[PDB]
């Protein structure tokens, strides 16, 4: 009368990575870099306004790991959590004619979605040091953008940034922008100051904010699929009833009229397993659905800055001219994650799962950047 | 100053049925019954693998009731609950040359959805007793399939199975299958053993599992509709606004590539009251919506078996040849349910309800079997 | 009361036994009550 036979399905796992970089921003001139947008009839010029603000590839994996020795071997793996903490200090002024002043320091957390302006603009300079004077559209560039950074390769003459624990400057600064040229019926800028924080860091202001994110669908590899059977030709296919109710269709839209919001479309497409992602936006949720679902997605983006030391004395009316500050911000991170060996059919390799398996995708694969125009998610 | 007038709308009710059948499985040869699938070019042959496993029309009403004296008079009635309990015993071996051995017994619960293989295959035999050697596709057959069973009619020469409390054999055995012929890039079978339970029932192993199910939408009759008015021609029709949001459209899909999952469509249709169900799948939820909704549905299916007594002695290499076992499984059931006299308009007959009334259906009526290829629901 | 007392599997739609439903007067008599009661319908 006893029972005998025991067996089972899965086998999950975890692991993390630790990294500590040294970066630096600079009291970038808080100015207007207007760019001439031209159609059949050139007008509506976008006036970008720079901010000393920086950006941390926090949303990108390389920031957290070994290049390859690390973006290595985790088939089907996802990163559930991760976080960082800047902890910077006192600004390195220089006079290449001011002396002393109150250097304020600052940072703000992924204001990216709630600030319409974007982090594009690593620009060009002038005869007055910190001086954005050309800003290049760091946008629509999406695995090459944050791709020079990747050097932390072939050229040994870029002392591996990390490993050797070497300082660094960031090349992407934030800014806000406005399309105002046609006539004068264009409102002002957003209350930037509102989303940010000043300090009068006497010395080493020590540690700043600790960023933390639990990416919704932090996938970062192809996922294992399943194995149908029961109604055959080489590659069978069955279609069964259900109660929707509008099964998700990678649905999205919006549109505007003269800087004023008004329009919203929707576009619908179909669901099929994804077959790809070296180091790309980990916040992989707006283009992924696992198995049929209903989700509207979002994302965050830390940044650190030293404000800016203005140098106006006994000089009156339409004046801005500034001072330099090199500041040693001190980030470091933790990338937590899943791992897997969920196998299914004895003979097949190397990983499987069921029918209610890995996330489905948009047939024609769409993928979205984030260095230009967020609203509530990657444009 | 007193109040006078009292009245009201509905009148609900309950009732159940009790039945006790005697069935029997047999230590069906645990073998491969390959079937030749042929297109313009015959290939990809499906290799079915039999299992002593049985099946209990648990999902079908007749199992629970009087034929007609019972599938009788419950207009609009539904069955909310129901359950059974096998409680079998010691296997009846015979030597038509083995003597004694350890007969293991077993059952498993509706593994149907989580086992890709189906319960088709009541087959044919050989010169070696328990010997599936032909399996017929008990599938796509849907009120005739479990229709011989119905005799428990005109022919008095089928001693009413029940009533007289007579034993019985089941004619539908489960199995798993795989489409593997073209070349050798086809994985193995599913870990069947994983979903099942062996016993070394010394004697009368007594009672086994008690199956229980509370069908989502256990309708089993036409339902009463309502009565519009207010904007007339003979049969008026009005169309009012709402906030969807994608009102359910009997939505469904999927498809595959070489035994590997990958595709999923969706197809949309409209909602209108159903006008029908003698004895058909009670688990009537994947084709029914009551009044506008959003549901993805599922189902379960008990089965009982006596494993199999293998007879290999002093015989070596590519050997299977087996022994017979007749086992007296002892099921019995309870079918609970609703009943109704919800009336509305005095003069109309014989039953009504409101505008938010009985379940709507697929215009062209689709209906789905379950003796072939489940995934997560009737194919 | 209400009922679903069934008996023989195959027959429909309701049954009961031999000691079953009320018997009646062969030629069916039926009595009014808007005229002359004594102790019951005239």
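Summary of computed values
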read-out: Estimated Rh, chain A: Kirkwood, alpha-carbon pairs, angstrom; value: 23.8 Å
read-out: Whole-angstrom gap from region B:306-379 to region A:84-115, using each part's C-alpha centre; value: 69 Å
read-out: Average other protein chain Cβ within 10 Å of Cβ, residues A:342-348; value: 5
read-out: For B:146, A:14, order by how many other beta-carbon atoms lie within 10 Å, fewest first; value: A:14, B:146
read-out: Largest-first principal axis extents of the Cα set of region B:273-379 (Å); value: 81, 29, 20
read-out: Between region B:131-167 and region B:250-278, the Cα center-to-center distance that results, in Å; value: 31 Å
read-out: Scaled radius of gyration (Cα, divided by 2.2 N^0.38 Å) that region A:9-153 gives; value: 1.36
read-out: Simple label model, 7 Å out from Cα along Cβ direction - residue B:355 to residue B:270, nm; value: 1.9 nm
read-out: Estimated FRET transfer efficiency (residue A:254, residue B:5; beta-carbon r; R0 51 Å; 0.05); value: 0.40
read-out: Average other protein chain Cβ within 10 Å of Cβ, residues B:263-270; value: 6
read-out: For residues of C:3-15, the mean tally of beta carbons on other chains within 10 Å; value: 5
read-out: Alpha-carbon centroid distance for the pair region A:181-198 / region A:4-54, whole angstrom; value: 21 Å
read-out: Neighbour-count ranking [beta-carbon atoms within 10 angstrom, fewest first] of B:59, C:27, B:185, B:323; value: C:27, B:185, B:323, B:59
read-out: The protein assembly as shown - convex hull of the alpha-carbon atoms, volume per residue in Å³; value: 352 Å³
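Quick reminder, even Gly has a Cβ in these numbers, built from the backbone with ideal geometry, and neighbours come from all protein chains shown. Rule-based calculations on the coordinates, nothing more; no lab input.
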